[PDB]
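Heads up, the thing below is written out as structure tokens.
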Amino acid sequence: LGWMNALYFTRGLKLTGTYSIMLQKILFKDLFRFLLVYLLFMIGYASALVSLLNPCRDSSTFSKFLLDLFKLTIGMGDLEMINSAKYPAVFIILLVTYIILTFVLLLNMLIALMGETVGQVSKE
Amino acid sequence: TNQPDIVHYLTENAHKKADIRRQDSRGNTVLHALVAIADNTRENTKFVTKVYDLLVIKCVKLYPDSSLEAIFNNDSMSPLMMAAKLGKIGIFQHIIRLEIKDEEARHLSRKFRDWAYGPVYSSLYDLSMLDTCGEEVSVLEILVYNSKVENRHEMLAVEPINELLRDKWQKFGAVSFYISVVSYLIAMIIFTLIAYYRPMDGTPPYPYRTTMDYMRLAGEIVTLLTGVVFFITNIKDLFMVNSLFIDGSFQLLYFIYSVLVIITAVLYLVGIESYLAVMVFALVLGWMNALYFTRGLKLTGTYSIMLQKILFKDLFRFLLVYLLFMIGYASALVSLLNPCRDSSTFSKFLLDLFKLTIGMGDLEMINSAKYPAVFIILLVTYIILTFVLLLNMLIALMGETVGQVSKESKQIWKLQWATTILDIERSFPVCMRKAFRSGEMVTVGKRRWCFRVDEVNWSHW
Amino acid sequence: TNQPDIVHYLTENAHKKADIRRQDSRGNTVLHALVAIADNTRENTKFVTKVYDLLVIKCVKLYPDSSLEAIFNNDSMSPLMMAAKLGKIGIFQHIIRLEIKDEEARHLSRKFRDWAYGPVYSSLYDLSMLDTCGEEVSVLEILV
């Protein structure tokens, strides 16, 4: 990436202001918020499921909960503990609502951009 | 008729005079007809202000005991109270800016001049009807709760009300917001005590005779009912986004919190012990829903505020058009089963139907290898049905952010800022109402609860 | 008070004159109060530029040794330095465009005229406080 990050050096120098400059501050602002609201949710839900384990459980299980939890968001489907065949009617409705949680946070990016490029962007 | 010459003749007469105080069958006096014929044009706002000054001074000179503004209607409405109903601006801005230079009729003037130390003028407006403390109904209440005129955005932009709304916002804004943060934290700590204290045997529900288990039984009364009230009222509000405190993205996320609670309440009453996954799931969102509390308070209106009402409007329509389609197509396929079929098949149709939209591919009845040429063309058209409903979101946003958003986003934001602060005002009792009441007593003439307004002027000397 | 007539009476007087260089408890002179009352309206940007020209020429004619702009505050702020703090434009654009046609008070004028070869004029602005090389703080630094 670092040698390919040098491809932004070839522009030169910019003095004429565009409208996309103020847009990329909010792009950098909320995507970093989007990553932290992701990772604190994945850690928090994995730490939640260890609290369900009342019998002994093992401290090495938390590494197995967080490993299987990351793969569901990508879609690898190569899991170790969570069997979707065990509880089918609950695994779907948590996964459907997980799509709805993520799809609105993507639309919060676009509305924050569309609600910005109309009134005050012509002056600011 | 814009004719004061008959008004000179009717009031003074050697034969018989004309009573100014006389009402009609509608209980309206001479001033209320001037409000009814008032229009917001250039010419009609001119002479009505001339007649309104002419009649009241003549009413005081003939009758010093009473004022013509004091007489109400059959609906108990003053001429200032009536102008908010019909939404008339020119007669409204003249009654508020009422400074009569006739010293016999001084005691009913509305605008005053306290002191002038050169460049600084100290005007003074009365709050006699603007903030009714212990009276029936106010001017400002009918500006918000009753007036359906389009001109209410301009009518709130008059001089004292732009500063009167900033009075009670600086006293009831941060106080009412901080209670809303704490009262959400109370509902969270109750739900934490429910989740971590379950006995978790595998067979729900549970015996409730134990007093230390009767305590957490009360927690299901508090937590579930709060999700029920937020679920039903928003559907009623849909058929019939207060981003001042918390932005409108929270109302959708707290709705998803409200959906997962009532689903959880079903699952341990059916008898399936897998309720524990969803119950702790919403616990993770609820503490992470507190991250919208860190913004503080918003007063400058953006353009994305009106956008998030339609975002909340159609995504809830997008979920209902999803779920009624999935149930309807599953209930359709049971009707194909003419031989015996079993009532437990409908649970298997709906289970395999949900997995195709996600893409799990772990099915039980529907074999795509059986009918390949039909399963594809139903699935291809299912993509086309869903892809256009996604584009109906974006066109409803792109078709909104062009023409009227430059005005309307600085109208409803001013309107909702006035709407919510009066709903906070109705929440307090009559005892605490007199505590933080704005305005002061300034003894003028031969004492009233008026409001102090500062000015800066360099031209008038 | 937009009244130079008392200003004619206070400065010249057979009984006792009025010191223009006198500060206050905030260390502000007569010019700093004009910056504080300055507003960006049409009327208020007019007469403050008339008084600002009137006082400095009267300060040079009574006292040729020092300028009234040289006296700083408790925060070491000139009237040009103060107008950037409160964000006042009309008093700012007049101190920068300062060309005094009184030849006794010429040596503190800000705008100059170098040469005029017909259509081309050669103006000249001083960088005495705009780019402080080895001084405490600049105009442009407080602007940012």
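If you're wondering about the labels, chains in the structure tokens are A, B, ... by order shown, residues count from 1 in each chain, ligands from 1 in order shown.
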Each chain B residue no farther than 12 Å from chain C, nearest pair in Å, only C-alpha atoms, as CSV:
residue,atom,partner,partner_atom,distance
B:117,CA,C:1,CA,9.9
B:118,CA,C:1,CA,6.8
B:119,CA,C:1,CA,7.7
B:120,CA,C:37,CA,11.0
B:456,CA,C:39,CA,10.2
B:457,CA,C:44,CA,9.5
B:458,CA,C:44,CA,7.0
B:459,CA,C:43,CA,7.3
B:460,CA,C:43,CA,11.1
B:461,CA,C:1,CA,10.1
Written file, previous selection with N, CA, C and O atoms, as a JSON list (two decimals), in the first residue's frame:
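Result file out-v5.json:
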[["chain", "number", "residue", "atom", "x", "y", "z"],
["B", 117, "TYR", "N", -29.35, 55.19, 26.39],
["B", 117, "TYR", "CA", -28.01, 55.73, 26.64],
["B", 117, "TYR", "C", -27.29, 55.75, 25.29],
["B", 117, "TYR", "O", -26.44, 54.92, 24.99],
["B", 118, "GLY", "N", -27.67, 56.73, 24.47],
["B", 118, "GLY", "CA", -27.05, 56.94, 23.18],
["B", 118, "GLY", "C", -27.36, 55.85, 22.17],
["B", 118, "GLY", "O", -28.49, 55.72, 21.68],
["B", 119, "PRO", "N", -26.35, 55.05, 21.83],
["B", 119, "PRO", "CA", -26.54, 54.01, 20.81],
["B", 119, "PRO", "C", -27.42, 52.86, 21.25],
["B", 119, "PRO", "O", -27.94, 52.14, 20.39],
["B", 120, "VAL", "N", -27.63, 52.66, 22.55],
["B", 120, "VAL", "CA", -28.37, 51.52, 23.06],
["B", 120, "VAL", "C", -29.77, 51.97, 23.43],
["B", 120, "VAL", "O", -29.95, 52.86, 24.28],
["B", 456, "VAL", "N", -29.85, 48.32, 19.54],
["B", 456, "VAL", "CA", -28.70, 49.13, 19.17],
["B", 456, "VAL", "C", -29.07, 49.91, 17.91],
["B", 456, "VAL", "O", -29.41, 49.32, 16.89],
["B", 457, "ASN", "N", -29.00, 51.24, 17.99],
["B", 457, "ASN", "CA", -29.33, 52.09, 16.85],
["B", 457, "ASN", "C", -28.41, 53.30, 16.84],
["B", 457, "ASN", "O", -28.12, 53.88, 17.89],
["B", 458, "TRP", "N", -27.97, 53.69, 15.64],
["B", 458, "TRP", "CA", -27.06, 54.81, 15.46],
["B", 458, "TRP", "C", -27.67, 55.99, 14.72],
["B", 458, "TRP", "O", -27.10, 57.08, 14.76],
["B", 459, "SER", "N", -28.81, 55.80, 14.05],
["B", 459, "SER", "CA", -29.37, 56.83, 13.20],
["B", 459, "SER", "C", -30.30, 57.77, 13.95],
["B", 459, "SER", "O", -30.25, 58.99, 13.74],
["B", 460, "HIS", "N", -31.16, 57.24, 14.81],
["B", 460, "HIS", "CA", -32.15, 58.05, 15.50],
["B", 460, "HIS", "C", -31.51, 58.77, 16.67],
["B", 460, "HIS", "O", -30.82, 58.15, 17.49],
["B", 461, "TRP", "N", -31.73, 60.08, 16.76],
["B", 461, "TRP", "CA", -31.18, 60.88, 17.85],
["B", 461, "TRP", "C", -32.20, 61.89, 18.35],
["B", 461, "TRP", "O", -32.80, 62.63, 17.56]]
For chain B, work out the contacting residues on chain A at 10 Å, counting only C-alpha atoms, and write them as an MDAnalysis selection string. chainID A and resid 37 40:42 44:45 47:49 51:54 75 77 84:97 99:101 104:105 107:108 110:120
Chain C: residues DSSP assigns to strand (DSSP E or B), reported as a PyMOL selection string: chain C and resi 111-117+120-125
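Proximity to residue 450 of chain B was assessed for B:130, B:374, B:232, B:14 counting only C-alpha atoms; the smallest distance is recorded for B:130.
Going from atom CA of residue 124 of chain C over to atom CA of residue 102 of chain C, you cover 18.1 Å.
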With a distance cut-off of 12 Å and only C-alpha atoms, select the neighbouring residues of residue 80 of chain A, excluding the residue or stretch itself and same-chain residues fewer than 2 positions from it, and output the selection as number ranges by chain. A: 61, 63-72, 76-78, 82-84
Prev. selection, N, CA, C and O atoms, output as a PDB file, in the first residue's frame:
ATOM      1  N   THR A  61     -12.511 -20.039  25.029  1.00  0.00           N
ATOM      2  CA  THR A  61     -13.712 -20.044  24.203  1.00  0.00           C
ATOM      3  C   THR A  61     -13.961 -18.684  23.570  1.00  0.00           C
ATOM      4  O   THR A  61     -14.520 -18.610  22.472  1.00  0.00           O
ATOM      5  N   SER A  63     -11.882 -16.636  22.259  1.00  0.00           N
ATOM      6  CA  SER A  63     -11.199 -16.587  20.974  1.00  0.00           C
ATOM      7  C   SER A  63     -11.967 -17.328  19.891  1.00  0.00           C
ATOM      8  O   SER A  63     -11.810 -17.007  18.710  1.00  0.00           O
ATOM      9  N   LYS A  64     -12.794 -18.303  20.265  1.00  0.00           N
ATOM     10  CA  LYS A  64     -13.568 -19.072  19.301  1.00  0.00           C
ATOM     11  C   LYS A  64     -14.901 -18.399  18.985  1.00  0.00           C
ATOM     12  O   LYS A  64     -15.422 -18.543  17.874  1.00  0.00           O
ATOM     13  N   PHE A  65     -15.461 -17.648  19.940  1.00  0.00           N
ATOM     14  CA  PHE A  65     -16.666 -16.874  19.649  1.00  0.00           C
ATOM     15  C   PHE A  65     -16.368 -15.739  18.684  1.00  0.00           C
ATOM     16  O   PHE A  65     -17.121 -15.504  17.734  1.00  0.00           O
ATOM     17  N   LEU A  66     -15.270 -15.020  18.914  1.00  0.00           N
ATOM     18  CA  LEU A  66     -14.965 -13.855  18.093  1.00  0.00           C
ATOM     19  C   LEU A  66     -14.484 -14.271  16.710  1.00  0.00           C
ATOM     20  O   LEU A  66     -14.655 -13.530  15.734  1.00  0.00           O
ATOM     21  N   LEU A  67     -13.905 -15.468  16.602  1.00  0.00           N
ATOM     22  CA  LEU A  67     -13.468 -15.969  15.302  1.00  0.00           C
ATOM     23  C   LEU A  67     -14.660 -16.335  14.426  1.00  0.00           C
ATOM     24  O   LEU A  67     -14.685 -16.025  13.230  1.00  0.00           O
ATOM     25  N   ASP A  68     -15.668 -16.988  15.009  1.00  0.00           N
ATOM     26  CA  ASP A  68     -16.834 -17.389  14.226  1.00  0.00           C
ATOM     27  C   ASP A  68     -17.756 -16.207  13.963  1.00  0.00           C
ATOM     28  O   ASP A  68     -18.601 -16.257  13.059  1.00  0.00           O
ATOM     29  N   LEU A  69     -17.609 -15.131  14.735  1.00  0.00           N
ATOM     30  CA  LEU A  69     -18.519 -14.002  14.598  1.00  0.00           C
ATOM     31  C   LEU A  69     -18.092 -13.099  13.447  1.00  0.00           C
ATOM     32  O   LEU A  69     -18.932 -12.505  12.761  1.00  0.00           O
ATOM     33  N   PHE A  70     -16.775 -12.980  13.228  1.00  0.00           N
ATOM     34  CA  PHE A  70     -16.260 -12.199  12.106  1.00  0.00           C
ATOM     35  C   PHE A  70     -16.612 -12.827  10.766  1.00  0.00           C
ATOM     36  O   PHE A  70     -16.868 -12.112   9.791  1.00  0.00           O
ATOM     37  N   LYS A  71     -16.638 -14.158  10.702  1.00  0.00           N
ATOM     38  CA  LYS A  71     -16.835 -14.847   9.435  1.00  0.00           C
ATOM     39  C   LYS A  71     -18.259 -14.719   8.918  1.00  0.00           C
ATOM     40  O   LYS A  71     -18.481 -14.842   7.708  1.00  0.00           O
ATOM     41  N   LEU A  72     -19.221 -14.462   9.801  1.00  0.00           N
ATOM     42  CA  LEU A  72     -20.611 -14.353   9.383  1.00  0.00           C
ATOM     43  C   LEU A  72     -20.873 -13.043   8.655  1.00  0.00           C
ATOM     44  O   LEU A  72     -21.734 -12.986   7.771  1.00  0.00           O
ATOM     45  N   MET A  76     -17.909 -16.335   5.036  1.00  0.00           N
ATOM     46  CA  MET A  76     -17.040 -17.474   4.773  1.00  0.00           C
ATOM     47  C   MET A  76     -17.766 -18.788   5.022  1.00  0.00           C
ATOM     48  O   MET A  76     -17.641 -19.732   4.235  1.00  0.00           O
ATOM     49  N   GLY A  77     -18.533 -18.865   6.107  1.00  0.00           N
ATOM     50  CA  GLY A  77     -19.292 -20.062   6.397  1.00  0.00           C
ATOM     51  C   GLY A  77     -18.473 -21.238   6.870  1.00  0.00           C
ATOM     52  O   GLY A  77     -18.902 -22.383   6.706  1.00  0.00           O
ATOM     53  N   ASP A  78     -17.303 -20.994   7.454  1.00  0.00           N
ATOM     54  CA  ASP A  78     -16.435 -22.049   7.972  1.00  0.00           C
ATOM     55  C   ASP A  78     -16.303 -21.821   9.471  1.00  0.00           C
ATOM     56  O   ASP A  78     -15.338 -21.217   9.941  1.00  0.00           O
ATOM     57  N   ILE A  82     -20.842 -22.109  16.379  1.00  0.00           N
ATOM     58  CA  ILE A  82     -22.199 -21.674  16.064  1.00  0.00           C
ATOM     59  C   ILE A  82     -22.728 -22.509  14.902  1.00  0.00           C
ATOM     60  O   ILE A  82     -22.265 -22.384  13.767  1.00  0.00           O
ATOM     61  N   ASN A  83     -23.687 -23.381  15.195  1.00  0.00           N
ATOM     62  CA  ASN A  83     -24.343 -24.208  14.194  1.00  0.00           C
ATOM     63  C   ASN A  83     -25.702 -23.592  13.887  1.00  0.00           C
ATOM     64  O   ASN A  83     -26.565 -23.514  14.767  1.00  0.00           O
ATOM     65  N   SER A  84     -25.889 -23.163  12.638  1.00  0.00           N
ATOM     66  CA  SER A  84     -27.167 -22.590  12.234  1.00  0.00           C
ATOM     67  C   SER A  84     -28.260 -23.641  12.127  1.00  0.00           C
ATOM     68  O   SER A  84     -29.445 -23.293  12.155  1.00  0.00           O
TER      69      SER A  84
END
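Excluding residue 57 of chain C itself and any same-chain residue fewer than 5 positions from it, the protein and nucleic acid residues within 9 Å of it, counting only C-alpha atoms, are residues 52, 62, 100, 102, 104 and 105 of chain C.
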Mind checking which residues fall within 10 Å of residue 59 of chain C, counting only C-alpha atoms, ignoring those fewer than 5 positions away in the same chain, and posting them as a list in words?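 In the requested format, the answer is residues 11, 19, 20, 21, 54, 64, 65, 66, 67, 68 and 105 of chain C.
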State, in Å with one decimal place, the distance from atom CA of residue 156 of chain B to atom CA of residue 250 of chain B.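 Computing it gives 28.4 Å between the two atoms.
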List every residue of chain C that DSSP, applied to the backbone, labels as helix (DSSP H, G or I), and write the result as a tab-separated table (two decimals) with N, CA, C and O atoms, in the first residue's frame.
chain	number	residue	atom	x	y	z
C	4	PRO	N	-18.02	65.38	17.01
C	4	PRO	CA	-16.70	66.01	17.04
C	4	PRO	C	-16.69	67.40	17.65
C	4	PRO	O	-15.61	67.97	17.84
C	5	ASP	N	-17.86	67.97	17.95
C	5	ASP	CA	-17.92	69.35	18.42
C	5	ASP	C	-17.40	69.47	19.85
C	5	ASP	O	-16.76	70.47	20.20
C	6	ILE	N	-17.65	68.46	20.69
C	6	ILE	CA	-17.02	68.43	22.00
C	6	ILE	C	-15.53	68.12	21.85
C	6	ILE	O	-14.70	68.61	22.62
C	7	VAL	N	-15.17	67.34	20.82
C	7	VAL	CA	-13.77	67.02	20.56
C	7	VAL	C	-13.00	68.27	20.14
C	7	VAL	O	-11.82	68.43	20.46
C	8	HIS	N	-13.66	69.21	19.45
C	8	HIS	CA	-13.05	70.52	19.24
C	8	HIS	C	-12.91	71.29	20.54
C	8	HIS	O	-11.95	72.05	20.70
C	9	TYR	N	-13.83	71.10	21.49
C	9	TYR	CA	-13.79	71.89	22.71
C	9	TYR	C	-12.84	71.31	23.75
C	9	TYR	O	-12.23	72.06	24.52
C	10	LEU	N	-12.71	69.98	23.81
C	10	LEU	CA	-11.88	69.39	24.86
C	10	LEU	C	-10.39	69.51	24.56
C	10	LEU	O	-9.59	69.62	25.50
C	11	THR	N	-10.00	69.50	23.29
C	11	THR	CA	-8.58	69.47	22.96
C	11	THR	C	-7.94	70.84	23.08
C	11	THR	O	-6.80	70.96	23.53
C	30	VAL	N	-8.18	56.33	23.16
C	30	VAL	CA	-9.39	56.82	22.50
C	30	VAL	C	-9.67	56.04	21.22
C	30	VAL	O	-10.84	55.87	20.83
C	31	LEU	N	-8.64	55.49	20.58
C	31	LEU	CA	-8.86	54.76	19.34
C	31	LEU	C	-9.45	53.38	19.58
C	31	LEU	O	-10.23	52.89	18.76
C	32	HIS	N	-9.08	52.74	20.70
C	32	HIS	CA	-9.55	51.39	20.98
C	32	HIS	C	-11.03	51.37	21.29
C	32	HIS	O	-11.71	50.38	21.00
C	33	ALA	N	-11.56	52.45	21.86
C	33	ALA	CA	-13.00	52.55	22.08
C	33	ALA	C	-13.75	52.69	20.77
C	33	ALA	O	-14.89	52.22	20.66
C	34	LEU	N	-13.14	53.32	19.77
C	34	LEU	CA	-13.76	53.41	18.46
C	34	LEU	C	-13.81	52.05	17.78
C	34	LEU	O	-14.73	51.78	17.01
C	35	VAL	N	-12.83	51.19	18.06
C	35	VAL	CA	-12.86	49.83	17.53
C	35	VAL	C	-13.91	49.01	18.26
C	35	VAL	O	-14.59	48.17	17.66
C	36	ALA	N	-14.10	49.27	19.56
C	36	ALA	CA	-15.06	48.49	20.34
C	36	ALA	C	-16.50	48.85	19.99
C	36	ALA	O	-17.37	47.98	20.01
C	44	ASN	N	-22.40	53.08	10.80
C	44	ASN	CA	-21.34	53.07	11.80
C	44	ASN	C	-19.96	52.97	11.17
C	44	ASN	O	-18.98	53.43	11.76
C	45	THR	N	-19.85	52.41	9.97
C	45	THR	CA	-18.57	52.44	9.29
C	45	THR	C	-18.25	53.80	8.68
C	45	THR	O	-17.13	53.99	8.20
C	46	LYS	N	-19.20	54.73	8.67
C	46	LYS	CA	-18.96	56.03	8.05
C	46	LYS	C	-18.21	56.96	9.00
C	46	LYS	O	-17.08	57.38	8.70
C	47	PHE	N	-18.81	57.28	10.14
C	47	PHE	CA	-18.28	58.37	10.96
C	47	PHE	C	-17.06	57.97	11.77
C	47	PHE	O	-16.30	58.86	12.17
C	48	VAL	N	-16.88	56.68	12.04
C	48	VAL	CA	-15.71	56.24	12.80
C	48	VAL	C	-14.44	56.47	11.98
C	48	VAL	O	-13.40	56.84	12.53
C	49	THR	N	-14.53	56.32	10.66
C	49	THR	CA	-13.41	56.67	9.79
C	49	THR	C	-13.17	58.17	9.75
C	49	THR	O	-12.05	58.61	9.48
C	50	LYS	N	-14.20	58.97	10.00
C	50	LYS	CA	-14.01	60.42	10.06
C	50	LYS	C	-13.32	60.84	11.35
C	50	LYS	O	-12.48	61.74	11.34
C	51	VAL	N	-13.66	60.18	12.46
C	51	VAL	CA	-13.06	60.53	13.74
C	51	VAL	C	-11.63	60.01	13.82
C	51	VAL	O	-10.75	60.68	14.37
C	52	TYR	N	-11.38	58.83	13.23
C	52	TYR	CA	-10.05	58.23	13.27
C	52	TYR	C	-9.04	59.07	12.50
C	52	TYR	O	-7.87	59.16	12.89
C	53	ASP	N	-9.47	59.70	11.41
C	53	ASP	CA	-8.60	60.63	10.71
C	53	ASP	C	-8.45	61.93	11.48
C	53	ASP	O	-7.40	62.57	11.43
C	54	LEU	N	-9.49	62.33	12.22
C	54	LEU	CA	-9.47	63.63	12.89
C	54	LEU	C	-8.55	63.62	14.10
C	54	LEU	O	-7.86	64.60	14.37
C	55	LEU	N	-8.52	62.50	14.83
C	55	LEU	CA	-7.77	62.47	16.08
C	55	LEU	C	-6.27	62.35	15.85
C	55	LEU	O	-5.48	62.94	16.59
C	56	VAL	N	-5.86	61.60	14.83
C	56	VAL	CA	-4.44	61.33	14.63
C	56	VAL	C	-3.73	62.57	14.10
C	56	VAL	O	-2.61	62.90	14.53
C	57	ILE	N	-4.36	63.29	13.17
C	57	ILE	CA	-3.81	64.54	12.66
C	57	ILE	C	-3.73	65.58	13.77
C	57	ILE	O	-2.74	66.32	13.89
C	58	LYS	N	-4.74	65.61	14.64
C	58	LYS	CA	-4.70	66.49	15.80
C	58	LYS	C	-3.66	66.03	16.81
C	58	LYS	O	-3.08	66.86	17.53
C	59	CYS	N	-3.37	64.73	16.86
C	59	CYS	CA	-2.32	64.24	17.75
C	59	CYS	C	-0.94	64.60	17.23
C	59	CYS	O	-0.03	64.88	18.03
C	60	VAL	N	-0.75	64.61	15.91
C	60	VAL	CA	0.54	64.98	15.34
C	60	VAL	C	0.77	66.48	15.45
C	60	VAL	O	1.87	66.94	15.76
C	61	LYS	N	-0.29	67.27	15.21
C	61	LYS	CA	-0.17	68.73	15.25
C	61	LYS	C	0.12	69.23	16.66
C	61	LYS	O	0.86	70.20	16.84
C	62	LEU	N	-0.44	68.56	17.67
C	62	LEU	CA	-0.13	68.93	19.05
C	62	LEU	C	1.16	68.27	19.53
C	62	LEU	O	1.87	68.84	20.35
C	68	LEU	N	-0.30	58.31	17.78
C	68	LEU	CA	-1.32	57.74	18.65
C	68	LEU	C	-1.49	56.24	18.43
C	68	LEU	O	-1.94	55.54	19.33
C	69	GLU	N	-1.11	55.75	17.25
C	69	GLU	CA	-1.16	54.32	16.97
C	69	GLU	C	-0.06	53.55	17.70
C	69	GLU	O	-0.17	52.33	17.83
C	70	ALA	N	0.99	54.23	18.16
C	70	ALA	CA	2.12	53.54	18.76
C	70	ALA	C	1.81	53.02	20.15
C	70	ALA	O	2.43	52.06	20.61
C	79	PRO	N	-4.53	49.58	17.73
C	79	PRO	CA	-5.90	49.56	17.18
C	79	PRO	C	-6.06	48.72	15.93
C	79	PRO	O	-7.16	48.24	15.65
C	80	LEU	N	-4.98	48.53	15.16
C	80	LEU	CA	-5.03	47.56	14.07
C	80	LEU	C	-5.02	46.14	14.60
C	80	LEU	O	-5.67	45.25	14.04
C	81	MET	N	-4.28	45.90	15.70
C	81	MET	CA	-4.25	44.57	16.30
C	81	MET	C	-5.57	44.23	16.98
C	81	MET	O	-5.93	43.05	17.06
C	82	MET	N	-6.29	45.24	17.47
C	82	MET	CA	-7.53	44.98	18.19
C	82	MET	C	-8.67	44.63	17.24
C	82	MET	O	-9.51	43.79	17.57
C	83	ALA	N	-8.69	45.23	16.04
C	83	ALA	CA	-9.78	45.01	15.10
C	83	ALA	C	-9.82	43.58	14.55
C	83	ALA	O	-10.87	43.13	14.09
C	84	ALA	N	-8.70	42.86	14.61
C	84	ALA	CA	-8.71	41.45	14.24
C	84	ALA	C	-9.29	40.58	15.35
C	84	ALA	O	-9.84	39.51	15.06
C	85	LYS	N	-9.19	41.02	16.61
C	85	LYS	CA	-9.73	40.23	17.71
C	85	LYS	C	-11.25	40.24	17.71
C	85	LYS	O	-11.89	39.19	17.68
C	86	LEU	N	-11.84	41.43	17.74
C	86	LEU	CA	-13.29	41.56	17.74
C	86	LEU	C	-13.91	41.33	16.37
C	86	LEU	O	-15.13	41.23	16.27
C	90	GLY	N	-14.85	47.39	8.98
C	90	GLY	CA	-14.81	48.75	8.48
C	90	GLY	C	-13.67	49.57	9.06
C	90	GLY	O	-13.04	50.36	8.35
C	91	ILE	N	-13.38	49.39	10.34
C	91	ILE	CA	-12.21	50.04	10.92
C	91	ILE	C	-10.93	49.35	10.46
C	91	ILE	O	-9.86	49.97	10.45
C	92	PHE	N	-11.02	48.08	10.04
C	92	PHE	CA	-9.82	47.39	9.57
C	92	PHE	C	-9.42	47.88	8.19
C	92	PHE	O	-8.24	48.15	7.94
C	93	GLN	N	-10.40	48.02	7.29
C	93	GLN	CA	-10.11	48.42	5.92
C	93	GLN	C	-9.77	49.89	5.78
C	93	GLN	O	-9.30	50.29	4.71
C	94	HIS	N	-9.99	50.69	6.82
C	94	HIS	CA	-9.60	52.09	6.78
C	94	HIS	C	-8.19	52.33	7.29
C	94	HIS	O	-7.50	53.23	6.79
C	95	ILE	N	-7.75	51.56	8.29
C	95	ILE	CA	-6.38	51.68	8.77
C	95	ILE	C	-5.41	51.15	7.72
C	95	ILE	O	-4.31	51.71	7.54
C	96	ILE	N	-5.80	50.12	6.97
C	96	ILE	CA	-4.97	49.63	5.88
C	96	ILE	C	-4.94	50.63	4.73
C	96	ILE	O	-3.87	50.93	4.18
C	103	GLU	N	0.30	67.16	5.13
C	103	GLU	CA	1.72	66.91	4.95
C	103	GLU	C	2.50	66.93	6.26
C	103	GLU	O	3.62	66.40	6.30
C	104	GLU	N	1.95	67.52	7.32
C	104	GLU	CA	2.60	67.43	8.62
C	104	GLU	C	2.44	66.06	9.24
C	104	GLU	O	3.30	65.64	10.02
C	105	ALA	N	1.36	65.34	8.91
C	105	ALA	CA	1.13	63.99	9.39
C	105	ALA	C	1.33	62.95	8.29
C	105	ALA	O	0.66	61.91	8.29
C	106	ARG	N	2.24	63.21	7.35
C	106	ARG	CA	2.49	62.30	6.24
C	106	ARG	C	3.21	61.03	6.67
C	106	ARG	O	2.92	59.96	6.14
C	107	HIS	N	4.11	61.13	7.65
C	107	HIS	CA	5.07	60.06	7.95
C	107	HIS	C	4.46	58.84	8.61
C	107	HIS	O	5.20	57.90	8.94
C	108	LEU	N	3.15	58.81	8.84
C	108	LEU	CA	2.48	57.62	9.36
C	108	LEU	C	1.41	57.09	8.42
C	108	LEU	O	0.63	56.22	8.81
C	139	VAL	N	-0.29	40.85	12.83
C	139	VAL	CA	-1.70	40.98	12.46
C	139	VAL	C	-2.22	39.67	11.89
C	139	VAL	O	-3.26	39.15	12.32
C	140	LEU	N	-1.48	39.11	10.93
C	140	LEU	CA	-1.92	37.94	10.19
C	140	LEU	C	-1.99	36.70	11.06
C	140	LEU	O	-2.79	35.80	10.81
C	141	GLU	N	-1.16	36.64	12.11
C	141	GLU	CA	-1.19	35.51	13.03
C	141	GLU	C	-2.48	35.49	13.83
C	141	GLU	O	-3.09	34.43	14.01
C	142	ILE	N	-2.93	36.65	14.30
C	142	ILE	CA	-4.17	36.73	15.05
C	142	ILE	C	-5.39	36.61	14.14
C	142	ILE	O	-6.46	36.18	14.59
C	143	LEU	N	-5.24	36.91	12.84
C	143	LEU	CA	-6.30	36.64	11.88
C	143	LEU	C	-6.59	35.15	11.74
C	143	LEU	O	-7.72	34.77	11.40
Would you mind reading off the distance between atom CA of residue 110 of chain C and atom CA of residue 77 of chain C, one decimal, in Å?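 We find that atom CA of residue 110 of chain C and atom CA of residue 77 of chain C lie 17.9 Å from each other.
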